[PDB]
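Trainee: Take a look at the following structure, please.
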Amino acid sequence: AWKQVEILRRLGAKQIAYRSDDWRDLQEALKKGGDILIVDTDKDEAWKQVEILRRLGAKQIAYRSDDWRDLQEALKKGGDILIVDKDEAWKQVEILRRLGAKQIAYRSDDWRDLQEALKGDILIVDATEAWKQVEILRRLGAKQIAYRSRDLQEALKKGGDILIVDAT
């Protein structure tokens with residue numbers, strides 16, 4: 001894994017995101033220079049990993065949950081980015097924004113649902129002209145375009161602002 005992030009940052013990757021079940025991966029990706037740490041699932045254990053990473057010196061904390069009652073409590077414990085995963089989501093992100101959230105994020109594998117999220121947002125993409133959705137959202141004026149899991153090398157050249165890496 002460390003050899004794979006080395007070549008990404010040796011390429012034009014300036015922002016790298018990490019996420020896995022073992023917090024030791026979070027704990028040691030922070031020494032490897034990981035820009036952003038994602039937290040995924042138990043509520044109590046999640047907010048425990050937030051208070052420690054903030055004290056471990058993490059510069060960018062991210063929390064993800066479907067229940068917007070759970071994403072408001074991570075805001076207080078140290079979460080810097082809220083990842084919303086639904087027709088009330090536009091209202092769900094409205095409460096969070098008007099509660100102090102400066103960085104919100106929506107994630108989906110369809111740019112139709114991400115353009116709809118354009119109304120501080122991150123436009124996370126799940127993938128499987130495959131990695132060509134960036135040139136669209138960039139033409140729509142997106143400022144933070146993230147990419148999540150070989151296309152990672154390609155989506156960098158396309159213009160993905162953030163890359164997201166997982167377990168194993």
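Scheme for the structure tokens: letters A, B, ... for chains in order shown; per-chain residue numbers from 1; ligand numbers from 1 in order shown.
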Apply DSSP to the backbone of this structure and, from stretch 53-132 of chain A, keep only the residues in alpha helix (DSSP H); write these as a list in words.
Mentor: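 Here are the alpha helix (DSSP H) residues of stretch 53-132 of chain A: residues 53, 54, 55, 56, 68, 69, 70, 71, 72, 73, 74, 75, 76, 77, 89, 90, 91, 92, 93, 94, 95, 96, 97, 111, 112, 113, 114 and 115 of chain A.
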Trainee: Store the residues picked out above, limited to N, CA, C and O atoms, as a short mmCIF file (atom, residue, chain, number, x, y, z; two decimals), in the first residue's frame.
Mentor:
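This went into selection_4.cif:
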data_model
loop_
_atom_site.label_atom_id
_atom_site.label_comp_id
_atom_site.auth_asym_id
_atom_site.auth_seq_id
_atom_site.Cartn_x
_atom_site.Cartn_y
_atom_site.Cartn_z
N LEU A 53 -7.20 10.88 16.67
CA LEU A 53 -6.54 11.36 15.46
C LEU A 53 -6.29 12.86 15.52
O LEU A 53 -5.24 13.34 15.07
N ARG A 54 -7.24 13.62 16.07
CA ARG A 54 -7.03 15.05 16.28
C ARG A 54 -5.83 15.29 17.18
O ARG A 54 -5.06 16.24 16.96
N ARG A 55 -5.66 14.45 18.20
CA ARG A 55 -4.50 14.57 19.07
C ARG A 55 -3.26 13.94 18.45
O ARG A 55 -2.14 14.36 18.76
N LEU A 56 -3.44 12.96 17.56
CA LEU A 56 -2.32 12.43 16.80
C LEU A 56 -1.80 13.43 15.77
O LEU A 56 -0.75 13.17 15.16
N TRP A 68 -27.98 11.54 9.72
CA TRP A 68 -27.46 12.88 9.95
C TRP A 68 -27.49 13.28 11.42
O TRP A 68 -26.94 14.34 11.76
N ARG A 69 -28.11 12.49 12.29
CA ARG A 69 -27.93 12.70 13.72
C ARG A 69 -26.52 12.32 14.15
O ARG A 69 -25.96 12.93 15.06
N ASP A 70 -25.92 11.34 13.47
CA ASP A 70 -24.57 10.89 13.79
C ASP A 70 -23.48 11.77 13.19
O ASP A 70 -22.38 11.82 13.75
N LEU A 71 -23.74 12.46 12.08
CA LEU A 71 -22.73 13.34 11.49
C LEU A 71 -22.64 14.69 12.19
O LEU A 71 -21.67 15.43 11.95
N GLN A 72 -23.62 15.05 13.01
CA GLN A 72 -23.53 16.30 13.75
C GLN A 72 -22.67 16.15 15.00
O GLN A 72 -22.02 17.12 15.42
N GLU A 73 -22.65 14.96 15.59
CA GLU A 73 -21.84 14.73 16.78
C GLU A 73 -20.36 14.59 16.45
O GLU A 73 -19.50 14.93 17.28
N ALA A 74 -20.03 14.09 15.26
CA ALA A 74 -18.64 14.03 14.84
C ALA A 74 -18.08 15.42 14.60
O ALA A 74 -16.87 15.64 14.77
N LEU A 75 -18.93 16.35 14.19
CA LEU A 75 -18.51 17.74 14.05
C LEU A 75 -17.90 18.27 15.34
O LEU A 75 -16.87 18.95 15.31
N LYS A 76 -18.52 17.95 16.48
CA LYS A 76 -18.03 18.45 17.76
C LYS A 76 -16.77 17.73 18.22
O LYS A 76 -15.89 18.34 18.83
N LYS A 77 -16.66 16.43 17.92
CA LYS A 77 -15.52 15.65 18.39
C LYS A 77 -14.25 15.89 17.58
O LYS A 77 -13.16 15.57 18.06
N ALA A 89 -31.69 14.62 1.58
CA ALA A 89 -30.27 14.89 1.76
C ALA A 89 -29.95 16.36 1.52
O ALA A 89 -29.08 16.93 2.19
N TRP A 90 -30.64 17.00 0.57
CA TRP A 90 -30.47 18.43 0.37
C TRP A 90 -30.86 19.21 1.61
O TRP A 90 -30.26 20.25 1.93
N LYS A 91 -31.88 18.74 2.34
CA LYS A 91 -32.22 19.35 3.62
C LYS A 91 -31.29 18.86 4.72
O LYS A 91 -30.98 19.61 5.65
N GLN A 92 -30.85 17.60 4.64
CA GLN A 92 -29.92 17.07 5.63
C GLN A 92 -28.61 17.84 5.63
O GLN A 92 -28.08 18.18 6.70
N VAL A 93 -28.07 18.13 4.45
CA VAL A 93 -26.87 18.96 4.36
C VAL A 93 -27.17 20.41 4.69
O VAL A 93 -26.25 21.18 5.00
N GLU A 94 -28.44 20.82 4.63
CA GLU A 94 -28.79 22.20 4.96
C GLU A 94 -28.68 22.45 6.45
O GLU A 94 -28.21 23.52 6.87
N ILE A 95 -29.10 21.49 7.28
CA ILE A 95 -28.94 21.62 8.72
C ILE A 95 -27.47 21.63 9.10
O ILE A 95 -27.03 22.46 9.91
N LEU A 96 -26.69 20.72 8.52
CA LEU A 96 -25.27 20.63 8.84
C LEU A 96 -24.54 21.91 8.46
O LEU A 96 -23.70 22.41 9.23
N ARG A 97 -24.83 22.46 7.28
CA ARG A 97 -24.21 23.71 6.87
C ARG A 97 -24.54 24.83 7.84
O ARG A 97 -23.65 25.55 8.31
N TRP A 111 -22.89 10.80 -11.81
CA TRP A 111 -22.70 12.24 -11.80
C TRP A 111 -24.02 13.00 -11.84
O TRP A 111 -24.02 14.21 -11.56
N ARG A 112 -25.13 12.34 -12.18
CA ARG A 112 -26.43 12.99 -12.08
C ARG A 112 -26.74 13.36 -10.64
O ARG A 112 -27.20 14.48 -10.35
N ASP A 113 -26.47 12.45 -9.70
CA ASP A 113 -26.69 12.72 -8.29
C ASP A 113 -25.64 13.65 -7.69
O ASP A 113 -25.86 14.17 -6.60
N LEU A 114 -24.53 13.87 -8.39
CA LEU A 114 -23.48 14.75 -7.89
C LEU A 114 -23.63 16.18 -8.39
O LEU A 114 -23.37 17.13 -7.65
N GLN A 115 -24.06 16.36 -9.65
CA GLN A 115 -24.48 17.68 -10.10
C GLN A 115 -25.62 18.21 -9.25
O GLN A 115 -25.66 19.40 -8.93
#
Trainee: If I take atom CA of residue A:61 and atom CA of residue A:79, how far is one from the other in Å, to one decimal?
Mentor: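 Going from atom CA of residue A:61 over to atom CA of residue A:79 covers 4.9 Å.
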Trainee: I need the residue nearest residue A:41 from this list: A:165, A:20, A:148, A:136. Use only C-alpha atoms for the distance.
Mentor: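 The closest residue to residue A:41 is A:20.
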Trainee: Between A:159, A:17, A:44, A:24, which has the minimum distance to residue A:139 (counting only C-alpha atoms)?
Mentor: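 Of A:159, A:17, A:44, A:24, the one nearest residue A:139 is A:159, counting only C-alpha atoms.
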Trainee: Output as JSON lines one row per residue of stretch 33-64 of chain A within 12 Å of stretch 2-11 of chain A: the closest atom pair and its distance in Å to one decimal place, counting only C-alpha atoms, sorted by chain and residue number ascending.
Mentor:
{"residue": "A:33", "atom": "CA", "partner": "A:5", "partner_atom": "CA", "distance": 9.5}
{"residue": "A:34", "atom": "CA", "partner": "A:5", "partner_atom": "CA", "distance": 8.9}
{"residue": "A:35", "atom": "CA", "partner": "A:9", "partner_atom": "CA", "distance": 10.9}
Trainee: Go ahead and write the selection's residues with N, CA, C and O atoms as a PDB file, in the first residue's frame.
Mentor:
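That gives us result_35.pdb:
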ATOM      1  N   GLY A  33       2.190  10.462   5.433  1.00  0.00           N
ATOM      2  CA  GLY A  33       1.862  11.723   4.807  1.00  0.00           C
ATOM      3  C   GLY A  33       0.447  11.850   4.298  1.00  0.00           C
ATOM      4  O   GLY A  33       0.171  12.774   3.524  1.00  0.00           O
ATOM      5  N   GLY A  34      -0.455  10.952   4.700  1.00  0.00           N
ATOM      6  CA  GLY A  34      -1.841  10.994   4.273  1.00  0.00           C
ATOM      7  C   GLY A  34      -2.498  12.332   4.540  1.00  0.00           C
ATOM      8  O   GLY A  34      -2.474  12.832   5.670  1.00  0.00           O
ATOM      9  N   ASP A  35      -3.083  12.927   3.501  1.00  0.00           N
ATOM     10  CA  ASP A  35      -3.654  14.263   3.637  1.00  0.00           C
ATOM     11  C   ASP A  35      -4.947  14.234   4.446  1.00  0.00           C
ATOM     12  O   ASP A  35      -5.135  15.041   5.364  1.00  0.00           O
TER      13      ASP A  35
END
Trainee: Considering only C-alpha atoms, return as a PyMOL selection string whatever protein or nucleic-acid residues lie within 8 Å of residue A:105, sequence-local ones (same chain, fewer than 2 positions apart) excluded.
Mentor: chain A and resi 81-84+103+107+120-124
Trainee: Next, the residues of the selection above should be written as a PDB file, in the first residue's frame with N, CA and C atoms.
Mentor:
ATOM      1  N   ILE A  81     -14.760  17.080   7.850  1.00  0.00           N
ATOM      2  CA  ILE A  81     -15.492  16.857   6.610  1.00  0.00           C
ATOM      3  C   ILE A  81     -16.625  15.884   6.899  1.00  0.00           C
ATOM      4  N   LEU A  82     -17.819  16.205   6.412  1.00  0.00           N
ATOM      5  CA  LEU A  82     -18.992  15.363   6.601  1.00  0.00           C
ATOM      6  C   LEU A  82     -19.372  14.751   5.261  1.00  0.00           C
ATOM      7  N   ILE A  83     -19.441  13.425   5.219  1.00  0.00           N
ATOM      8  CA  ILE A  83     -19.678  12.680   3.990  1.00  0.00           C
ATOM      9  C   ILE A  83     -21.097  12.135   4.058  1.00  0.00           C
ATOM     10  N   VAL A  84     -22.020  12.793   3.373  1.00  0.00           N
ATOM     11  CA  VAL A  84     -23.385  12.291   3.281  1.00  0.00           C
ATOM     12  C   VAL A  84     -23.450  11.249   2.176  1.00  0.00           C
ATOM     13  N   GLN A 103     -17.208  22.005   5.368  1.00  0.00           N
ATOM     14  CA  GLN A 103     -16.823  21.053   4.330  1.00  0.00           C
ATOM     15  C   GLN A 103     -17.765  19.856   4.382  1.00  0.00           C
ATOM     16  N   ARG A 107     -21.327  11.338  -1.997  1.00  0.00           N
ATOM     17  CA  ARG A 107     -20.671  10.236  -2.685  1.00  0.00           C
ATOM     18  C   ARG A 107     -21.706   9.417  -3.440  1.00  0.00           C
ATOM     19  N   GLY A 120     -19.422  24.358   1.268  1.00  0.00           N
ATOM     20  CA  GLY A 120     -18.259  23.657   0.753  1.00  0.00           C
ATOM     21  C   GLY A 120     -18.533  22.187   0.499  1.00  0.00           C
ATOM     22  N   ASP A 121     -18.591  21.804  -0.774  1.00  0.00           N
ATOM     23  CA  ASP A 121     -18.954  20.451  -1.169  1.00  0.00           C
ATOM     24  C   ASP A 121     -17.764  19.719  -1.776  1.00  0.00           C
ATOM     25  N   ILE A 122     -17.674  18.427  -1.474  1.00  0.00           N
ATOM     26  CA  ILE A 122     -16.791  17.499  -2.164  1.00  0.00           C
ATOM     27  C   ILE A 122     -17.672  16.520  -2.923  1.00  0.00           C
ATOM     28  N   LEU A 123     -17.291  16.213  -4.160  1.00  0.00           N
ATOM     29  CA  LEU A 123     -18.087  15.359  -5.040  1.00  0.00           C
ATOM     30  C   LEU A 123     -17.374  14.021  -5.198  1.00  0.00           C
ATOM     31  N   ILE A 124     -17.493  13.183  -4.168  1.00  0.00           N
ATOM     32  CA  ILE A 124     -16.869  11.867  -4.186  1.00  0.00           C
ATOM     33  C   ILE A 124     -17.505  11.012  -5.277  1.00  0.00           C
TER      34      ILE A 124
END
Trainee: Which residue is closest to residue A:37? Choose from A:51, A:157, A:62, A:14 and count only C-alpha atoms.
Mentor: A:62
Trainee: Using DSSP on the backbone coordinates, identify all residues within chain A classified as strand (DSSP E or B); present the result as a ChimeraX atom specification.
Mentor: /A:16-18,36-39,61-64,81-84,104-108,121-126,145-148,162-165
Trainee: Write the residues of the selection above to a file with N, CA, C and O atoms, as a compact mmCIF listing (two decimals), in the first residue's frame.
Mentor:
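Output (part.txt):
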# COMPACT_ATOMS: atom_id res chain seq x y z
N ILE A 16 -4.50 13.02 -0.90
CA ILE A 16 -4.75 11.58 -0.82
C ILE A 16 -5.63 11.31 0.39
O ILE A 16 -5.38 11.83 1.48
N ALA A 17 -6.66 10.48 0.19
CA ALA A 17 -7.59 10.11 1.24
C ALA A 17 -7.46 8.62 1.55
O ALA A 17 -7.27 7.79 0.66
N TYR A 18 -7.59 8.29 2.84
CA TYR A 18 -7.42 6.94 3.33
C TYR A 18 -8.65 6.51 4.13
O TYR A 18 -9.33 7.34 4.73
N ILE A 36 -5.85 13.31 4.12
CA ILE A 36 -7.18 13.26 4.72
C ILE A 36 -7.45 11.84 5.19
O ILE A 36 -7.18 10.87 4.47
N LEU A 37 -7.99 11.71 6.41
CA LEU A 37 -8.34 10.43 6.99
C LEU A 37 -9.86 10.32 7.08
O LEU A 37 -10.52 11.22 7.60
N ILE A 38 -10.40 9.22 6.57
CA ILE A 38 -11.84 8.98 6.56
C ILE A 38 -12.18 7.99 7.67
O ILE A 38 -11.43 7.03 7.92
N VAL A 39 -13.30 8.22 8.34
CA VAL A 39 -13.81 7.32 9.38
C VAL A 39 -15.18 6.83 8.95
O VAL A 39 -16.02 7.62 8.50
N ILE A 61 -9.90 15.53 9.07
CA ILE A 61 -10.70 14.40 9.52
C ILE A 61 -11.99 14.36 8.71
O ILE A 61 -12.60 15.40 8.43
N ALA A 62 -12.41 13.15 8.34
CA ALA A 62 -13.65 12.95 7.60
C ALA A 62 -14.48 11.88 8.29
O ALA A 62 -13.95 10.87 8.76
N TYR A 63 -15.79 12.12 8.36
CA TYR A 63 -16.74 11.18 8.94
C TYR A 63 -17.87 10.92 7.96
O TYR A 63 -18.32 11.84 7.27
N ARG A 64 -18.32 9.67 7.89
CA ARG A 64 -19.36 9.25 6.96
C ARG A 64 -20.36 8.37 7.67
O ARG A 64 -19.98 7.44 8.39
N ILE A 81 -14.76 17.08 7.85
CA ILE A 81 -15.49 16.86 6.61
C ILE A 81 -16.62 15.88 6.90
O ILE A 81 -16.41 14.85 7.55
N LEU A 82 -17.82 16.21 6.41
CA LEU A 82 -18.99 15.36 6.60
C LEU A 82 -19.37 14.75 5.26
O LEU A 82 -19.59 15.47 4.28
N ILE A 83 -19.44 13.43 5.22
CA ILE A 83 -19.68 12.68 3.99
C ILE A 83 -21.10 12.13 4.06
O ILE A 83 -21.36 11.13 4.73
N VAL A 84 -22.02 12.79 3.37
CA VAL A 84 -23.39 12.29 3.28
C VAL A 84 -23.45 11.25 2.18
O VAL A 84 -22.79 11.37 1.14
N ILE A 104 -18.67 19.78 3.41
CA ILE A 104 -19.57 18.64 3.27
C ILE A 104 -19.15 17.86 2.03
O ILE A 104 -18.39 18.35 1.19
N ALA A 105 -19.62 16.62 1.93
CA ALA A 105 -19.26 15.76 0.81
C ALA A 105 -20.39 14.78 0.52
O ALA A 105 -20.97 14.20 1.44
N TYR A 106 -20.70 14.62 -0.76
CA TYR A 106 -21.64 13.61 -1.23
C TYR A 106 -20.90 12.60 -2.09
O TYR A 106 -19.95 12.94 -2.81
N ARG A 107 -21.33 11.34 -2.00
CA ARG A 107 -20.67 10.24 -2.69
C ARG A 107 -21.71 9.42 -3.44
O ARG A 107 -22.73 9.02 -2.87
N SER A 108 -21.43 9.16 -4.72
CA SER A 108 -22.28 8.30 -5.54
C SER A 108 -21.48 7.94 -6.78
O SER A 108 -20.45 8.55 -7.08
N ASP A 121 -18.59 21.80 -0.77
CA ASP A 121 -18.95 20.45 -1.17
C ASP A 121 -17.76 19.72 -1.78
O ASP A 121 -16.95 20.31 -2.49
N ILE A 122 -17.67 18.43 -1.47
CA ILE A 122 -16.79 17.50 -2.16
C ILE A 122 -17.67 16.52 -2.92
O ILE A 122 -18.70 16.07 -2.40
N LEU A 123 -17.29 16.21 -4.16
CA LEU A 123 -18.09 15.36 -5.04
C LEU A 123 -17.37 14.02 -5.20
O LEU A 123 -16.75 13.74 -6.22
N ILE A 124 -17.49 13.18 -4.17
CA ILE A 124 -16.87 11.87 -4.19
C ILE A 124 -17.51 11.01 -5.28
O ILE A 124 -18.71 11.10 -5.55
N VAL A 125 -16.69 10.17 -5.91
CA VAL A 125 -17.14 9.29 -6.99
C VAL A 125 -16.72 7.87 -6.66
O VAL A 125 -15.56 7.63 -6.29
N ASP A 126 -17.65 6.93 -6.78
CA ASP A 126 -17.35 5.51 -6.78
C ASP A 126 -17.30 5.04 -8.23
O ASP A 126 -18.13 5.44 -9.05
N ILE A 145 -13.09 17.66 -6.60
CA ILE A 145 -13.51 16.42 -7.25
C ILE A 145 -12.62 15.30 -6.71
O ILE A 145 -11.41 15.28 -6.96
N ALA A 146 -13.22 14.37 -5.97
CA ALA A 146 -12.51 13.25 -5.38
C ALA A 146 -12.80 11.95 -6.13
O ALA A 146 -13.84 11.80 -6.78
N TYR A 147 -11.86 11.02 -6.02
CA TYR A 147 -11.95 9.74 -6.71
C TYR A 147 -11.62 8.63 -5.72
O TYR A 147 -10.67 8.75 -4.94
N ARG A 148 -12.39 7.54 -5.77
CA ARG A 148 -12.27 6.45 -4.81
C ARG A 148 -12.11 5.13 -5.56
O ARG A 148 -13.05 4.65 -6.18
N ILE A 162 -8.83 14.82 -5.36
CA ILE A 162 -8.51 13.96 -4.23
C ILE A 162 -8.61 12.50 -4.68
O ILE A 162 -9.50 12.14 -5.47
N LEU A 163 -7.71 11.67 -4.17
CA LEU A 163 -7.74 10.23 -4.39
C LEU A 163 -8.01 9.53 -3.07
O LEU A 163 -7.49 9.93 -2.02
N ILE A 164 -8.82 8.47 -3.12
CA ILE A 164 -9.25 7.75 -1.92
C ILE A 164 -8.75 6.31 -2.02
O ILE A 164 -8.98 5.64 -3.03
N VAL A 165 -8.10 5.85 -0.96
CA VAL A 165 -7.51 4.52 -0.91
C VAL A 165 -8.16 3.73 0.22
O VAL A 165 -8.62 4.31 1.21
